[PDB]
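Asker: Input: one structure, supplied below.
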Amino acid sequence: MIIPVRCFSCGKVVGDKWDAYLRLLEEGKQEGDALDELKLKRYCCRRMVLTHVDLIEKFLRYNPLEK
Amino acid sequence: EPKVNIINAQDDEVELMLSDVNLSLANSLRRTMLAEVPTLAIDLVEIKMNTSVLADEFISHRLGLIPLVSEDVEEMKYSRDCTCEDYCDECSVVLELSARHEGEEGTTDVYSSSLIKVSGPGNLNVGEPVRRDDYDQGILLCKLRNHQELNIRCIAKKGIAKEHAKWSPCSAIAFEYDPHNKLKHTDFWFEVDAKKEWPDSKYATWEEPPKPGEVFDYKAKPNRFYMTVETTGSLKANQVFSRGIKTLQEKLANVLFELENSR
Amino acid sequence: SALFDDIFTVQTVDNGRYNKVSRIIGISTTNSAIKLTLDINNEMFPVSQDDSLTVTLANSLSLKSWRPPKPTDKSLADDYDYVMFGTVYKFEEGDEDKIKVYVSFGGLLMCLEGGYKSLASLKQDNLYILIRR
Amino acid sequence: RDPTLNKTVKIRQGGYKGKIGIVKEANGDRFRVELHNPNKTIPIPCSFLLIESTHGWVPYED
Amino acid sequence: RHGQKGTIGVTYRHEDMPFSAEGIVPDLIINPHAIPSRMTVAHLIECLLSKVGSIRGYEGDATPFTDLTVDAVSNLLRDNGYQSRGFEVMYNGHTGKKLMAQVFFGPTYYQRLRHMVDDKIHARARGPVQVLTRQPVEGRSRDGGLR
Amino acid sequence: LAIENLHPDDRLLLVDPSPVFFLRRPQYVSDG
Amino acid sequence: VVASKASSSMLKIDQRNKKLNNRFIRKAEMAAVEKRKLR
Amino acid sequence: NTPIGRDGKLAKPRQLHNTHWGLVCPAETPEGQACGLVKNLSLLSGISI
Amino acid sequence: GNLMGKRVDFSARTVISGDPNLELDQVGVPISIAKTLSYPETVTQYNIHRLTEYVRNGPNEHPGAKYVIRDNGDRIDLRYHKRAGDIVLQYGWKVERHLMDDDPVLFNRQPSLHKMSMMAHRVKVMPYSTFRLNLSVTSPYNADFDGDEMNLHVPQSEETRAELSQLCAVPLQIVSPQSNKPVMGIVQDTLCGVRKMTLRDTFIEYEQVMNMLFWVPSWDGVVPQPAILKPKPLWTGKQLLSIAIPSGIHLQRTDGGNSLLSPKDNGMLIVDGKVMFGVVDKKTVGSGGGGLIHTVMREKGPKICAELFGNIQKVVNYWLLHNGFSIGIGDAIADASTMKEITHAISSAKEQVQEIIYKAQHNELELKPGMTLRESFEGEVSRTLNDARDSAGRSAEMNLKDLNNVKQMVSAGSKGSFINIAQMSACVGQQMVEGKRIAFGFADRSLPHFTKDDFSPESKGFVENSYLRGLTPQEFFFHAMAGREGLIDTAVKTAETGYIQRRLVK
Amino acid sequence: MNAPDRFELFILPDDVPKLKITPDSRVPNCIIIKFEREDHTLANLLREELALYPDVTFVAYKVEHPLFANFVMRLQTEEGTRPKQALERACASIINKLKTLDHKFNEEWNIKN
Amino acid sequence: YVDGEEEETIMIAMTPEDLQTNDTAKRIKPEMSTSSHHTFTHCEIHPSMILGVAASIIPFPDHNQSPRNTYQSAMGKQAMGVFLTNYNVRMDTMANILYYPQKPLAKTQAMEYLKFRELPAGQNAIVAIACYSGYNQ
RNA sequence: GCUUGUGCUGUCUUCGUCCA
Ligand SMILES: [Mg+2]
Ligand SMILES: [Zn+2]
Ligand SMILES: [Zn+2]
């Protein structure tokens, strides 16, 4: 739904690296190189950013219920 | 008799080698650093308004996981051990968040930098959310579109990672000993040859490989331990190590006092 | 004190299935027709073919809960390189002078073939085996 | 007739300090308060409660 | 995704789980006895391929009837500094000593099923009964009895 | 320019101190 | 629509990745099939 | 769905036949009474109009 | 529906889970279920103080009570009583106290095929919401922990409690009258770990031996002398296992005509409760007759036999926790030297089948009496293909090392068999539908990818590959057909068997 | 629903003693110690420290159940030494070891800062 | 398009590689030596298209015992995920939404058209196969 | 002295869960 704050397995904070990851991918870097540049060594952390699906961008497209 | 040798040092991780200690002492130190060093984390969320697409308890869970600076948490008291009615400034830190999107187009991101410390213990360096730099926006908390507002008041308390994983100062403690398997503590699965099918340890160059004609030594014990301590930023690596040692000492001293008072 | 004493030359050493256990077969130098089949721990007392071993069997180490030995006390085991303790589970009073004694040191098996005169005293419940090299 | 029944209350001592709840059972000296934070109901002595009123929080004199 | 259903037996904290040399603790431990009788080799192959993919930042292609072989995945895994078959030297959480047996270790896709214990636990001492037969009613939702 | 435009002999100088068909590059929109 | 910045970046990444996959996977398959043929 | 019901059941209707190749899923079927009687179209199948 | 069997009160139902740290005849009961269910205890002068304490605690605090029943039969509800502390209990009243520890309760799983499906356990109140069982009792119940649920029934009288504790108790049900052999034995990783722990080359240091000895509840506080005294004190796994066996047990078994010197460490010899030689596995601590469990039950009685399960499980589980055991993809792989042998065997079998096809097509085939030419041909081809799969599997099995984990699990008998190794490593084999090869569903062929009138092994459902190697689409479809047949056969025969058993019982 | 509170792992009830000692009469000079709200962290440390003392002939511990936070330790010394004195010596020795370890780490960190 | 009755009269090739005439890991193709020559009339687009919607989620279904494939087809319809993106505005009798869905690391090509990448129903857990304490038997 | 609030259908049908 939205990038988790902590890696499930170990507990490293990965919630502050989603925007940087998208910026790096925008510049043409490969996914492995982008994850390496963010200093994500353990594959337990790498799966958190690699396999995250961002669904909040789909929930936000609905008109807000209040105003 | 015990010795410490530091390999790499940083604000967030230290890589060190312990020697002349028992394996049990090193493992107890690792366990204490993982789950018994007190830190500060958000423990109550009072939601005054939440019109975002995320559930209230979703955002509460996300907030609880945000690391807060816990340098002076020793001076702070536990919530259950404070005689004050309700919460005072000496057992809790109050943070407040207020986010809103203006205009009828675009999306606003709510970051942990928006958490503003309102009240806390006097002159104690605790409560502020951890920031990598002065320009680091921090952990992404939520997203908002037009006419969606988030207005909450959070209270941070002192606790340990035994109660909940959000109070853990460390992320992952790499721990390793005997790279060349001279003690034969593990038996290596193989298909053809066990020597060339197994990758070398990252500390294999720190110890002399066994000689081809060497016999097994049954009198040897694990003596040198290589461990890396990574933190979430709430506490520095040296602070985590020192406070783990101090916590272990306090536990043993409590046991000793109980024994001496038992008679 | 000691119930049996001899010197054996190792004929065969069989590792086989295991890594830490070897079967050794030996015949007494002073007297043929005495055989010794034995399990040993390779990592603690490694042996090679054609080695000479001094084997002694005793019913006690003196000169119920086990305790780590104090450095101050002295026992019969101070003179040997490999001491085991086991139970005798078979004493085959076989043919005219063919006697077999089966001893199990916690699963590590030993069989001792010999004449009646040599192995008469080995009719005990438990035996220590003391090996020197 | 147990005037504090079905009233919002706050806990000031013990292991649940500062948690908002609602009083459910008021037999005597042992109040059953359901917690808003987890989905559970716990017993609690009367001395440990702060009953909400029209002017802030009031101790057990409501 | 291979018919390997199960329920949680106990939960251990971070410091009680076995860990590898680089500090990785598993999220989930399953018994080896689930594999040989049921012959779900695809479970092991998926674990290996997922390990390689997460290390290299790719997504594995597990389409059936392709030319993928286990040896290619093993070569890729070996080139990255891991044991080619997926084993890992793992330490004991309680005492810190090495485990004598290496542990198969890697990420696998798990899914949470709708059947939770708190939706199935039910007890009854006394309660409503049927009007016709005066026996306990049927159903957990109606505080019924067991047959 | 890129690695392809490099001379083959100079490409041979790039030695690690080939793609495989079963490692896709991740996507987000898929297709259909 | 006025799509957000993150969505636009994701769309660009998806287009690039689709093109790169369509090239590299096809090249690898062509490399493998000829080797399997000559064996 | 195959409306053969439960009364007068037989194994032959429930079996996976050779001619099912490519038109129905060989793996997906319910458990218990409706095993084999309930079928799922393959991923490229169609029905004539 | 209302007279032979009816819905009942005082019962509970929830998911079951496993607990290695429970005695054989103990069940773990959640706190909420313990609070909901109750047992009416008569107030006497041996328990009036305790029962008054329970009444004071009320229906929300454990231990507590729900009702107080007077002599005349009136019920006093403790939820709606404002003066619970102002209640004095008279002799002869009943207090419907909460379920407590060591209360006998009947425990049941459906379908109840035999009388060991209902046994009485002793209650132990535990947190979380699942029933907990010692894993040795999962065999008589035919239960595992993938989602099964079991029923609990509470006796409501002294007479009924005595009947449950003296007739249906778990220790009394270890030996079954159906085949005069035990129904409960060491299972799963305890079996695997008692095989690994009792190998000839397993040695244990002093500090681990002390921990392992303290774990045995029945240990007498005397540490056995180590097998090796010098240079380093070492104990063998057989010693630590013999610690768990009660004294005075004699067991002798000959496996493959082994001598008393047991070169292969097979067979068995237990003298006065001490293991002399032999690896302990399914043939010793399993559910078969004449094993250790049967001997202990006949010799010492149900109580000691029940304690034996706990002792063995605790020791072996500690050792296996601190040793480890796993399985990986590398355990299903055979080297090239064995793969070429398997390929050669399969090719030879296919050539033989081709020769048989030629002989049958040229009328040169001998006819088995009582069978037609087609039937004899089909039988011969099926026999040849089955022999091919068996030969390839035997080659693969002989390849495997001792450190192979699948081989260890098969050797211990804990899980798997030779056919599983053969299919995972060597060859899946011939797929049979209704006892015959894959029929000609299409017009004179099995799939539209084969030519008409093709009797080759691969054209009628012979999966040449292994699960590790992967199945081609045709083999995949044929294997799916066979699996569907298996599922249908199970789901159909279950109802017929149920009807037969009901008629027999009536 | 039936999940216990997490603070019960380390918060000691008032009526529950932290440390209960009962003699073991089956063998001479042996005691059984029951630690409440403790786990392998303290137990393994104490056990491996005591195992090296020449006057301690048996030391072991076990955690009966992972769902309950307590462990029980068996200690048995020589005739001269009372077991409780050995336990106190072990605690003090580990405290000194930790103290010197902390001092050395601080020195090294200051050097490499 | 061909139906079940026209398939009786056609000769299909499994892969385009079948249209033309010593490794221990790769699988073995049928020899098909009974026919001196073949005249194929059609070719399968891709053999993995014989699977349904639920069976297209299994990775490497050809390395599995078939009853396990059937059991997974059954259990994949009970996995909690994100059934729709408008779950906030819907009033269903029940609804289960997973906090942090993740797409599988080992996927299949048929998952592209099932939108499994956009509405996944699981998470990638670090799994270790071991007899640790006896609580996973 | 103002005194606290006790009760739930039924019949079909379908879809599931655990064994078989
Ligand atoms: Mg089951
Ligand atoms: Zn991580
Ligand atoms: Zn305070």
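Following the order of the structure tokens, chains are lettered A, B, ..., residues in each are numbered from 1, and ligands are numbered from 1.
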Using only C-alpha atoms (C1' of nucleotides) and all ligand atoms, find each protein or nucleic acid residue lying at most 12 Å from ligand 2; present the set as JSON, numbers by chain.

Answerer: {"A": [4, 5, 6, 7, 8, 9, 10, 11, 12, 13, 14, 15, 39, 40, 41, 42, 43, 44, 45, 46, 47, 48, 49], "B": [170, 171, 172, 173, 174, 230, 232], "E": [22, 23, 24, 25, 26, 27, 54, 107], "K": [125, 126]}

Asker: For the selection you just gave me, I'd like the residues written to a file as a compact mmCIF listing (two decimals), in the first residue's frame, keeping C-alpha atoms.

Answerer:
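Okay, this is what ended up in selection_9.txt:
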# COMPACT_ATOMS: atom_id res chain seq x y z
CA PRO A 4 7.03 -0.06 4.97
CA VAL A 5 8.96 1.90 7.57
CA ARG A 6 11.20 -0.98 8.68
CA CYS A 7 12.46 -4.09 6.95
CA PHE A 8 10.46 -7.04 8.26
CA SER A 9 13.37 -9.41 8.79
CA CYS A 10 16.12 -7.33 10.41
CA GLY A 11 14.57 -3.92 11.08
CA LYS A 12 16.58 -1.52 8.94
CA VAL A 13 14.67 1.65 8.12
CA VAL A 14 13.79 1.49 4.41
CA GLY A 15 10.84 3.89 4.47
CA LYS A 39 23.48 0.89 0.77
CA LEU A 40 21.04 -2.04 0.97
CA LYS A 41 23.40 -5.00 1.33
CA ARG A 42 21.32 -7.79 2.88
CA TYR A 43 18.83 -9.33 0.48
CA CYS A 44 16.18 -9.25 3.21
CA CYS A 45 16.24 -5.46 2.87
CA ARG A 46 16.53 -5.58 -0.92
CA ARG A 47 13.30 -7.55 -1.28
CA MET A 48 11.43 -4.84 0.64
CA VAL A 49 12.15 -2.13 -1.93
CA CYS B 170 19.82 -2.23 16.46
CA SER B 171 18.79 -3.49 13.05
CA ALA B 172 20.93 -6.59 12.49
CA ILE B 173 23.96 -7.73 14.47
CA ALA B 174 26.29 -9.78 12.31
CA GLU B 230 24.13 -1.61 13.02
CA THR B 232 18.60 2.67 13.32
CA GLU E 22 25.60 -11.51 8.24
CA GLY E 23 22.80 -11.17 10.78
CA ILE E 24 19.78 -12.29 8.74
CA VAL E 25 17.08 -14.01 10.80
CA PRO E 26 14.23 -15.87 9.08
CA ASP E 27 10.67 -14.64 9.23
CA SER E 54 16.66 -10.48 -4.79
CA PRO E 107 12.91 -15.81 0.38
CA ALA K 125 9.06 -14.06 3.71
CA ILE K 126 12.59 -15.20 4.46

Asker: Could you list the residues in chain B lying within 9 Å of chain A, using only C-alpha atoms, and format the result as a PDB file with C-alpha atoms, in the first residue's frame?

Answerer:
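Written output follows (iface-v2.pdb):
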ATOM      1  CA  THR B  51      -9.329  12.211   6.369  1.00  0.00           C
ATOM      2  CA  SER B  52      -6.557  10.443   4.463  1.00  0.00           C
ATOM      3  CA  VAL B  53      -7.096   7.162   2.625  1.00  0.00           C
ATOM      4  CA  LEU B  54      -5.121   5.240   5.257  1.00  0.00           C
ATOM      5  CA  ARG B  62       3.523   3.460  10.993  1.00  0.00           C
ATOM      6  CA  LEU B  63       4.166   6.207  13.553  1.00  0.00           C
ATOM      7  CA  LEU B  65       8.003   2.487  13.995  1.00  0.00           C
ATOM      8  CA  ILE B  66       9.608   5.907  13.433  1.00  0.00           C
ATOM      9  CA  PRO B  67      12.941   6.095  15.307  1.00  0.00           C
ATOM     10  CA  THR B 107      -0.371  15.333  -4.063  1.00  0.00           C
ATOM     11  CA  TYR B 111       7.232  13.076   6.089  1.00  0.00           C
ATOM     12  CA  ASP B 136      16.777  14.775   4.838  1.00  0.00           C
ATOM     13  CA  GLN B 137      12.987  14.750   4.689  1.00  0.00           C
ATOM     14  CA  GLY B 138      12.818  11.464   6.588  1.00  0.00           C
ATOM     15  CA  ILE B 139      10.406   8.559   6.587  1.00  0.00           C
ATOM     16  CA  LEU B 140       7.380   8.833   4.315  1.00  0.00           C
ATOM     17  CA  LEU B 141       4.304   8.674   6.545  1.00  0.00           C
ATOM     18  CA  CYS B 142       1.314   9.327   4.280  1.00  0.00           C
ATOM     19  CA  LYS B 143       0.090  11.058   1.139  1.00  0.00           C
ATOM     20  CA  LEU B 144      -2.680  13.612   0.786  1.00  0.00           C
ATOM     21  CA  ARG B 145      -4.724  15.174  -1.983  1.00  0.00           C
ATOM     22  CA  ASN B 146      -6.992  18.217  -1.934  1.00  0.00           C
ATOM     23  CA  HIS B 147      -9.143  18.696   1.182  1.00  0.00           C
ATOM     24  CA  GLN B 148      -7.507  15.792   3.047  1.00  0.00           C
ATOM     25  CA  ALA B 165      10.138  -4.431  18.175  1.00  0.00           C
ATOM     26  CA  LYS B 166       9.748  -0.669  17.707  1.00  0.00           C
ATOM     27  CA  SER B 168      14.952  -1.975  19.253  1.00  0.00           C
ATOM     28  CA  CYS B 170      19.823  -2.230  16.461  1.00  0.00           C
ATOM     29  CA  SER B 171      18.788  -3.491  13.049  1.00  0.00           C
ATOM     30  CA  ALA B 172      20.930  -6.586  12.491  1.00  0.00           C
ATOM     31  CA  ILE B 173      23.962  -7.728  14.466  1.00  0.00           C
ATOM     32  CA  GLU B 230      24.132  -1.613  13.020  1.00  0.00           C
ATOM     33  CA  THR B 231      21.736   0.909  14.534  1.00  0.00           C
ATOM     34  CA  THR B 232      18.603   2.670  13.321  1.00  0.00           C
TER      35      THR B 232
END

Asker: With chain E as the partner and 12 Å as the cut-off, tabulate the residues of chain F that qualify, each row holding the nearest pair of atoms and their distance in Å to one decimal, using only C-alpha atoms, sorted by chain and rising number, as a tab-separated table.

Answerer:
residue	atom	partner	partner_atom	distance
F:16	CA	E:79	CA	11.1
F:17	CA	E:79	CA	11.7
F:18	CA	E:76	CA	11.0
F:19	CA	E:76	CA	10.8
F:20	CA	E:72	CA	8.9
F:21	CA	E:61	CA	8.2
F:22	CA	E:61	CA	4.8
F:23	CA	E:60	CA	5.0
F:24	CA	E:59	CA	5.3
F:25	CA	E:58	CA	5.5
F:26	CA	E:59	CA	6.0
F:27	CA	E:59	CA	9.3

Asker: Hey, can you spit out that residue selection with C-alpha atoms as a PDB file, in the first residue's frame?

Answerer:
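File written: result_17.pdb
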ATOM      1  CA  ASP F  16      35.314  -8.440 -13.810  1.00  0.00           C
ATOM      2  CA  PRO F  17      37.632  -8.402 -10.726  1.00  0.00           C
ATOM      3  CA  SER F  18      25.988 -12.006 -20.195  1.00  0.00           C
ATOM      4  CA  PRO F  19      22.219 -11.775 -19.747  1.00  0.00           C
ATOM      5  CA  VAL F  20      20.145 -14.841 -18.930  1.00  0.00           C
ATOM      6  CA  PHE F  21      16.690 -15.362 -20.383  1.00  0.00           C
ATOM      7  CA  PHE F  22      14.987 -16.001 -17.019  1.00  0.00           C
ATOM      8  CA  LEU F  23      15.888 -12.756 -15.206  1.00  0.00           C
ATOM      9  CA  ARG F  24      13.387 -10.109 -16.265  1.00  0.00           C
ATOM     10  CA  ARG F  25      13.638  -6.450 -15.373  1.00  0.00           C
ATOM     11  CA  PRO F  26      10.809  -5.505 -12.992  1.00  0.00           C
ATOM     12  CA  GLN F  27       7.792  -3.550 -14.217  1.00  0.00           C
TER      13      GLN F  27
END

Asker: Identify all chain E residues at most 6 Å from chain I by counting only C-alpha atoms; ligands do not count. Present them as a list in words.

Answerer: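 So the residues of chain E near chain I are residues 6, 7, 32, 36, 37, 44, 85, 99, 100, 101, 103, 104, 120, 121, 122, 123, 124, 125, 126, 136, 145, 146 and 147 of chain E.
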
Asker: As a PyMOL selection string, please: all residues of range 127-261 of chain B that backbone DSSP puts in helix (DSSP H, G or I).

Answerer: chain B and resi 165-167+204-206+237-261

Asker: Please produce an output containing N, CA, C and O atoms for each residue in the selection, written as a compact mmCIF listing (two decimals), in the first residue's frame.

Answerer:
# COMPACT_ATOMS: atom_id res chain seq x y z
N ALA B 165 8.95 -4.58 19.00
CA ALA B 165 10.14 -4.43 18.18
C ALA B 165 10.44 -2.99 17.81
O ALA B 165 11.52 -2.72 17.28
N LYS B 166 9.51 -2.06 18.06
CA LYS B 166 9.75 -0.67 17.71
C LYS B 166 10.76 0.00 18.62
O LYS B 166 11.28 1.06 18.27
N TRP B 167 11.05 -0.58 19.78
CA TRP B 167 12.02 -0.02 20.70
C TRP B 167 13.41 -0.60 20.52
O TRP B 167 14.29 -0.35 21.35
N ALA B 204 38.27 -14.55 6.61
CA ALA B 204 39.16 -15.70 6.46
C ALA B 204 40.62 -15.29 6.45
O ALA B 204 41.49 -16.09 6.84
N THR B 205 40.92 -14.08 6.01
CA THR B 205 42.30 -13.60 5.98
C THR B 205 42.81 -13.18 7.35
O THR B 205 44.01 -12.96 7.50
N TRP B 206 41.93 -13.06 8.34
CA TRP B 206 42.34 -12.65 9.67
C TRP B 206 42.89 -13.79 10.51
O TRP B 206 43.41 -13.54 11.60
N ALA B 237 26.46 3.77 17.50
CA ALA B 237 26.93 2.40 17.68
C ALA B 237 27.67 2.24 19.00
O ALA B 237 27.45 1.25 19.72
N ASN B 238 28.55 3.18 19.33
CA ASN B 238 29.28 3.09 20.60
C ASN B 238 28.32 3.18 21.78
O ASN B 238 28.50 2.49 22.78
N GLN B 239 27.30 4.04 21.67
CA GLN B 239 26.31 4.13 22.73
C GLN B 239 25.56 2.82 22.89
O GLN B 239 25.30 2.38 24.01
N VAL B 240 25.22 2.16 21.77
CA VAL B 240 24.53 0.88 21.86
C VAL B 240 25.40 -0.16 22.55
O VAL B 240 24.94 -0.88 23.44
N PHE B 241 26.67 -0.24 22.16
CA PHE B 241 27.56 -1.22 22.77
C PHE B 241 27.73 -0.96 24.27
O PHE B 241 27.58 -1.88 25.09
N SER B 242 28.02 0.28 24.63
CA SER B 242 28.25 0.62 26.03
C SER B 242 26.99 0.40 26.87
O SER B 242 27.07 -0.10 28.00
N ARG B 243 25.83 0.75 26.33
CA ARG B 243 24.60 0.59 27.09
C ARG B 243 24.19 -0.87 27.19
O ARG B 243 23.59 -1.27 28.19
N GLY B 244 24.50 -1.69 26.19
CA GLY B 244 24.30 -3.12 26.34
C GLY B 244 25.15 -3.71 27.44
O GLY B 244 24.68 -4.50 28.26
N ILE B 245 26.42 -3.30 27.50
CA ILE B 245 27.29 -3.76 28.58
C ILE B 245 26.73 -3.32 29.93
O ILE B 245 26.68 -4.10 30.88
N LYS B 246 26.29 -2.06 30.02
CA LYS B 246 25.76 -1.55 31.28
C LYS B 246 24.49 -2.28 31.69
O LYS B 246 24.27 -2.55 32.88
N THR B 247 23.62 -2.58 30.73
CA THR B 247 22.39 -3.31 31.04
C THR B 247 22.70 -4.71 31.55
O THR B 247 22.08 -5.18 32.51
N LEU B 248 23.66 -5.39 30.92
CA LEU B 248 24.06 -6.71 31.41
C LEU B 248 24.61 -6.62 32.83
O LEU B 248 24.29 -7.46 33.69
N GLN B 249 25.44 -5.61 33.10
CA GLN B 249 25.97 -5.42 34.44
C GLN B 249 24.85 -5.18 35.45
O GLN B 249 24.89 -5.71 36.56
N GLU B 250 23.86 -4.36 35.08
CA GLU B 250 22.75 -4.08 35.99
C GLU B 250 21.96 -5.35 36.29
O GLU B 250 21.55 -5.57 37.43
N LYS B 251 21.73 -6.17 35.28
CA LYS B 251 21.00 -7.42 35.49
C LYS B 251 21.76 -8.33 36.45
O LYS B 251 21.17 -8.89 37.40
N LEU B 252 23.06 -8.49 36.24
CA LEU B 252 23.85 -9.34 37.13
C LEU B 252 23.89 -8.77 38.55
O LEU B 252 23.84 -9.52 39.53
N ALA B 253 24.00 -7.45 38.67
CA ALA B 253 24.01 -6.82 39.99
C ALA B 253 22.69 -7.02 40.71
O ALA B 253 22.66 -7.21 41.93
N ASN B 254 21.58 -6.97 39.97
CA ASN B 254 20.28 -7.25 40.57
C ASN B 254 20.21 -8.68 41.08
O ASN B 254 19.69 -8.93 42.18
N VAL B 255 20.72 -9.63 40.30
CA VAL B 255 20.73 -11.02 40.77
C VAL B 255 21.57 -11.15 42.03
O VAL B 255 21.18 -11.83 42.99
N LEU B 256 22.73 -10.50 42.05
CA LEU B 256 23.60 -10.56 43.22
C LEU B 256 22.93 -9.97 44.45
O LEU B 256 23.03 -10.52 45.55
N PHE B 257 22.25 -8.84 44.28
CA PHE B 257 21.53 -8.23 45.39
C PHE B 257 20.42 -9.13 45.90
O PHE B 257 20.21 -9.24 47.12
N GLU B 258 19.69 -9.78 45.00
CA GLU B 258 18.65 -10.71 45.42
C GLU B 258 19.24 -11.86 46.24
O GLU B 258 18.69 -12.24 47.27
N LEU B 259 20.37 -12.41 45.78
CA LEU B 259 21.01 -13.48 46.52
C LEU B 259 21.43 -13.02 47.91
O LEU B 259 21.19 -13.71 48.91
N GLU B 260 22.06 -11.85 47.99
CA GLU B 260 22.57 -11.37 49.27
C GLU B 260 21.45 -11.00 50.24
O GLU B 260 21.60 -11.16 51.45
N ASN B 261 20.32 -10.51 49.72
CA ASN B 261 19.18 -10.18 50.56
C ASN B 261 18.31 -11.39 50.88
O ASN B 261 17.47 -11.30 51.78

Asker: Using only C-alpha atoms and a distance of at most 9 Å, pull out the residues of chain G that contact chain B, as a PyMOL selection string.

Answerer: chain G and resi 2-5

Asker: Write out as a PDB file with N, CA and C atoms, in the first residue's frame each polymer residue whose atoms come within 7 Å of residue 42 in chain H, counting only C-alpha atoms (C1' of nucleotides); drop sequence neighbours fewer than 2 positions from it.

Answerer:
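Output saved as out.pdb:
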ATOM      1  N   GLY H  22      -6.051 -28.368 -23.361  1.00  0.00           N
ATOM      2  CA  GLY H  22      -6.077 -27.048 -23.937  1.00  0.00           C
ATOM      3  C   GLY H  22      -7.377 -26.299 -23.777  1.00  0.00           C
ATOM      4  N   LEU H  23      -8.443 -26.957 -23.339  1.00  0.00           N
ATOM      5  CA  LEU H  23      -9.748 -26.324 -23.206  1.00  0.00           C
ATOM      6  C   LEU H  23     -10.173 -26.114 -21.765  1.00  0.00           C
ATOM      7  N   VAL H  24      -9.789 -27.000 -20.847  1.00  0.00           N
ATOM      8  CA  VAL H  24     -10.053 -26.805 -19.428  1.00  0.00           C
ATOM      9  C   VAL H  24      -8.774 -27.063 -18.645  1.00  0.00           C
ATOM     10  N   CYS H  25      -8.722 -26.491 -17.453  1.00  0.00           N
ATOM     11  CA  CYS H  25      -7.526 -26.582 -16.626  1.00  0.00           C
ATOM     12  C   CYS H  25      -7.370 -27.997 -16.083  1.00  0.00           C
ATOM     13  N   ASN H  40     -12.820 -25.381 -15.065  1.00  0.00           N
ATOM     14  CA  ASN H  40     -12.413 -24.013 -15.327  1.00  0.00           C
ATOM     15  C   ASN H  40     -11.798 -23.930 -16.712  1.00  0.00           C
ATOM     16  N   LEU H  44      -6.610 -19.574 -22.708  1.00  0.00           N
ATOM     17  CA  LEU H  44      -6.816 -19.103 -24.071  1.00  0.00           C
ATOM     18  C   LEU H  44      -8.103 -19.630 -24.691  1.00  0.00           C
ATOM     19  N   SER H  45      -8.979 -20.245 -23.905  1.00  0.00           N
ATOM     20  CA  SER H  45     -10.174 -20.861 -24.457  1.00  0.00           C
ATOM     21  C   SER H  45     -11.231 -19.818 -24.789  1.00  0.00           C
TER      22      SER H  45
ATOM     23  N   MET K  49      -0.254 -22.356 -21.734  1.00  0.00           N
ATOM     24  CA  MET K  49      -1.589 -21.783 -21.820  1.00  0.00           C
ATOM     25  C   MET K  49      -2.686 -22.809 -21.601  1.00  0.00           C
ATOM     26  N   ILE K  50      -2.335 -24.066 -21.324  1.00  0.00           N
ATOM     27  CA  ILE K  50      -3.340 -25.069 -20.985  1.00  0.00           C
ATOM     28  C   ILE K  50      -3.815 -24.955 -19.551  1.00  0.00           C
ATOM     29  N   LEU K  51      -3.277 -24.017 -18.784  1.00  0.00           N
ATOM     30  CA  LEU K  51      -3.629 -23.832 -17.385  1.00  0.00           C
ATOM     31  C   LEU K  51      -4.682 -22.740 -17.238  1.00  0.00           C
ATOM     32  N   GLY K  52      -5.416 -22.802 -16.132  1.00  0.00           N
ATOM     33  CA  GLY K  52      -6.461 -21.848 -15.843  1.00  0.00           C
ATOM     34  C   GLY K  52      -5.932 -20.617 -15.137  1.00  0.00           C
TER      35      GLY K  52
END

Asker: With the cut-off set at 12 Å and counting only C-alpha atoms (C1' of nucleotides) and all ligand atoms, tabulate each residue of chain L with an atom at most that distance from an atom of ligand 1, showing the nearest atom pair and its distance in Å to one decimal, ordered by chain and increasing number, as JSON lines.

Answerer:
{"residue": "L:17", "atom": "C1'", "partner": "ligand 1", "partner_atom_place_in_ligand_line": "1 (Mg)", "distance": 10.0}
{"residue": "L:18", "atom": "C1'", "partner": "ligand 1", "partner_atom_place_in_ligand_line": "1 (Mg)", "distance": 5.9}
{"residue": "L:19", "atom": "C1'", "partner": "ligand 1", "partner_atom_place_in_ligand_line": "1 (Mg)", "distance": 7.4}
{"residue": "L:20", "atom": "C1'", "partner": "ligand 1", "partner_atom_place_in_ligand_line": "1 (Mg)", "distance": 11.4}
